Amino acid sequence: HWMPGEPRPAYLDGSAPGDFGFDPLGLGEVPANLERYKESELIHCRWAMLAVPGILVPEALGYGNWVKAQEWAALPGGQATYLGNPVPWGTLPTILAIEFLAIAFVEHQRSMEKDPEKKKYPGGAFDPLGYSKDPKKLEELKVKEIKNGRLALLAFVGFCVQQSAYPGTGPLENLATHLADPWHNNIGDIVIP
Amino acid sequence: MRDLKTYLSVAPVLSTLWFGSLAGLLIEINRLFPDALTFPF
Amino acid sequence: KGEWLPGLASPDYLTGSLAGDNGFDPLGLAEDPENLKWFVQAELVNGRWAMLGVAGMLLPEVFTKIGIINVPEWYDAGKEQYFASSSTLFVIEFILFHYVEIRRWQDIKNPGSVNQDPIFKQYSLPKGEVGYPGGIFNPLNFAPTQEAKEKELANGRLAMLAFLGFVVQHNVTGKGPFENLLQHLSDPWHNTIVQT
Amino acid sequence: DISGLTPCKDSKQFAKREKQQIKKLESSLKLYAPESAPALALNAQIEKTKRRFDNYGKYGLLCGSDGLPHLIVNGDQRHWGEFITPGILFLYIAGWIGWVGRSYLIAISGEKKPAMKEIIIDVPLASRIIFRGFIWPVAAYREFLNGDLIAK
Ligand SMILES: CC(/C=C/C=C(C)/C=C/[C@@]12O[C@]1(C)C[C@@H](O)CC2(C)C)=C\C=C\C=C(C)\C=C\C=C(C)\C=C\[C@@]12O[C@]1(C)C[C@@H](O)CC2(C)C
């Protein structure tokens, strides 16, 4: 339970993976709506569990924080760089065109699916190493995936919010600032100026 | 007199007494503390 | 039990089964039993906090007669510098009290639902009443008889009135609660609320 | 300086208004003997005018270009005494009155002829109910929680 001593909603029986009865607003009441929400939650989690490695690793290599990498495109004639090496095709309208076409194809391909189970765990070719061979291990794996995804989502929210309070700074910079003087460099000063 | 007490509880007499006392209180309040534009405390 | 005003009748909903029941409810707040259930806990918590507050506001000023320590007055204790900033201390206090008071709150809704330790499952509070947890909160195993509960409630009410007096006196006199007592004891007939 | 306004104490037009009012009051006093009662009344009026202008200067009001005070009601803490505190006091008093009226109406609803208790008030019951409205916020909020505030 997400809060011991609280009654559960009737539609949250505790059989779904990562089900702890958290629904104060009752957004999952409609059975057709609740089925969609699981797919969206899994997609959000999987997208956020790739961003977190992609935000810290470039900053840990001294290539600049994650908001500095987007500054050049606002300028006229800015060219993209990767690992300190400018890429020949890093012009703005070349990047925008290739991104839209490549993504619009795969997402529409996902849209046309009509089996509800395959929209969450499609299986098949996307599981080359065959970790889904055991139904007993698979449930534990699903619980692990759901538990990690929500943590990554919370980490991304922290990434976004910490930027507003310390403009122009990276998360590792904020951690280094906190570590030096914990008792005066923390959240308290921001809340109470 | 029960009937006299009943006549004192009728709506117009009671309203007149209440409003007279209220107006007196307000007049004295404005007499003690004249020209109040803001609540300073 | 006793009457707060002889010659008056007690309310029907105050049947005397509660601790410290003297039939005092002129304004009829506790007519609804749910209101009574909430207000009992509210009174308990308010009295328990006010007792500690008064004890902490009075004794650190009684030192002047004995001269052990040197502590600023209760209304100047905040401005003093401490090892951590005020914001950090407030944040930590909020973080801990949120969990503590949410844990306490769940017992009022559904009694007996938060008696089990969340991390070490082999540990649990013995079953008791709503406002009297017991268990590790009662290490000396003093029996919670009705007499002790009545004493607790009386002391809590007295301490709440004392705290209200402590607050009001400082706004007018501008001095400490103990300094107000010595001045009164110097010339009792000239040093009252009526200054003249 | 909110909205380009200036404090009353630094406003020259405020002083000019005060001087004009005092001079107008003083021209009437020359028509009467100093010992007469109308002279005393005019002296009291002049003193009251000076005191009012001084008090307006002390409270930190804001004047425009005409030398007249203006009220800020946007919620700024520097001007909470202009709108916020009297508003809260009025809300408390109005809630008291409404709660007392509702309580009296509910009290006599179960009688044989409830209409006759509306044209001829039952004084003791109203007097007992009058004191109860002093704690109207708590009672109203608890009634809202219990669901007894709205008729079914
Ligand atoms: C908890 C409490 C106060 C706690 C204070 C604390 C902890 C103080 C801490 C501090 O000091 C220290 C320790 C450190 C100091 O340096 C700093 C601070 C931090 C300041 C007060 C409760 C205070 C509560 C009070 C006063 C309640 C009064 C209620 C009354 C009288 C009700 C009367 C009625 O309720 C009935 C009986 C029936 C109704 O029907 C009829 C009526 C008439 C309506």
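Positions of Cβ are backbone-derived with ideal geometry, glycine not excepted, and every protein chain shown enters the neighbour counts. Values in this text are rule-based calculations from the coordinates and carry no lab data.
Values computed for the structure shown
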{"quantity": "The range D:1-72 versus the range C:44-117: alpha-carbon centroid distance in Å", "calculated": "52 Å"}
{"quantity": "Packing-based ranking, highest mean first, of C:101-110, A:144-153 given that Cβ atoms within 10 Å are counted", "calculated": "A:144-153, C:101-110"}
{"quantity": "Two-site FRET efficiency, D:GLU35 against D:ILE97, from Cβ-Cβ distance with R₀ of 60 Å, rounded to 0.05", "calculated": "0.75"}
{"quantity": "Anchor A:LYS68: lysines whose Cα lies under 26 Å away (excluding residues fewer than 8 positions away in-chain)", "calculated": "none"}
{"quantity": "P(r) histogram, all alpha-carbon pairs of the range D:1-137 included - 10 Å bins from 0, percent", "calculated": "10, 22, 17, 16, 18, 14, 3, 0"}
{"quantity": "Proximal charge balance of C:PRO26 [Cβ under 11 Å; K/R count +1, D/E count -1]", "calculated": "+1"}
{"quantity": "Counted charge near C:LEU185, where neighbours are those whose Cβ lies closer than 15 Å (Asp, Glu -1; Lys, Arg +1)", "calculated": "0"}
{"quantity": "Residues in the range C:79-123 reached by a label modelled at A:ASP181 [backbone nitrogen below 15 Å; 7 Å Cα→Cβ]", "calculated": "C:82-88"}
{"quantity": "For the range C:11-152: relative contact order, % (alpha-carbon pairs under 8 angstrom, 6 or more apart)", "calculated": "17 percent"}
{"quantity": "Total formal charge among the other residues, if their Cβ is under 13 angstrom from that of A:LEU175, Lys/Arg +1 and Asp/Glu -1", "calculated": "-3"}
{"quantity": "Pairs beyond 24 Å (Cα-Cα), from A:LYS119/A:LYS147; A:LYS38/A:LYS114; A:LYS136/C:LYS121; C:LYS65/C:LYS151; A:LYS119/A:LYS144", "calculated": "A:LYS136/C:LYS121; C:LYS65/C:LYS151"}
{"quantity": "FRET E, pair D:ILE119, D:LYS152, Förster distance 35 Å, beta-carbon r, rounded to 0.05", "calculated": "0.75"}
{"quantity": "Förster radius 35 Å - calculated FRET efficiency between A:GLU6 and B:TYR7, Cβ distance, rounded to 0.05", "calculated": "0.05"}
{"quantity": "Part-to-part distance (alpha-carbon centres) for chain B and the range D:105-152, which is given in Å", "calculated": "22 Å"}
{"quantity": "Per-peptide average of other Cβ atoms within 10 Å, ordering D:9-19, C:135-145 highest first", "calculated": "D:9-19, C:135-145"}
{"quantity": "Separation of the A:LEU129 and A:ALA73 label points, Cα + 7 Å toward Cβ, nm", "calculated": "3.2 nm"}
{"quantity": "Mean Cα-pair separation over length for chain D, i.e. relative contact order, pairs under 8 Å, 6 or more apart, %", "calculated": "20 percent"}
{"quantity": "Highest-first arrangement of C:182-190, A:4-12, where packing means the average Cβ count within 10 Å", "calculated": "A:4-12, C:182-190"}
{"quantity": "For residues of A:185-193, the mean tally of beta carbons on other chains within 10 Å", "calculated": "4"}
{"quantity": "Farthest toward positive dipole pole in the range C:48-196 [+1 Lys/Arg, -1 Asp/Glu at C-beta], among C:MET57, C:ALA143, C:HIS184", "calculated": "C:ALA143"}
{"quantity": "Shielding by other protein chains, C:104-115, mean Cβ within 10 Å", "calculated": "2"}
{"quantity": "Shape category assigned to the range C:40-90 from the gyration tensor of Cα positions, a/c cut at 1.5", "calculated": "oblate"}
{"quantity": "Sequence-distant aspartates and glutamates (8 or more away, or on other chains) whose Cα lies within less than 12 Å of C:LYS175", "calculated": "C:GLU61, C:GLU73, C:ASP76"}
{"quantity": "Dimensions (Å) - the protein assembly as shown, Cα atoms, principal axes, largest first", "calculated": "109, 72, 71"}
{"quantity": "Spatially near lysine pairs across chain D, Cα under 16 Å, sequence gap of 8 or more or different chains", "calculated": "15"}
{"quantity": "Shielding of D:144-152 by partner chains, average beta-carbon count, 10 Å", "calculated": "1"}
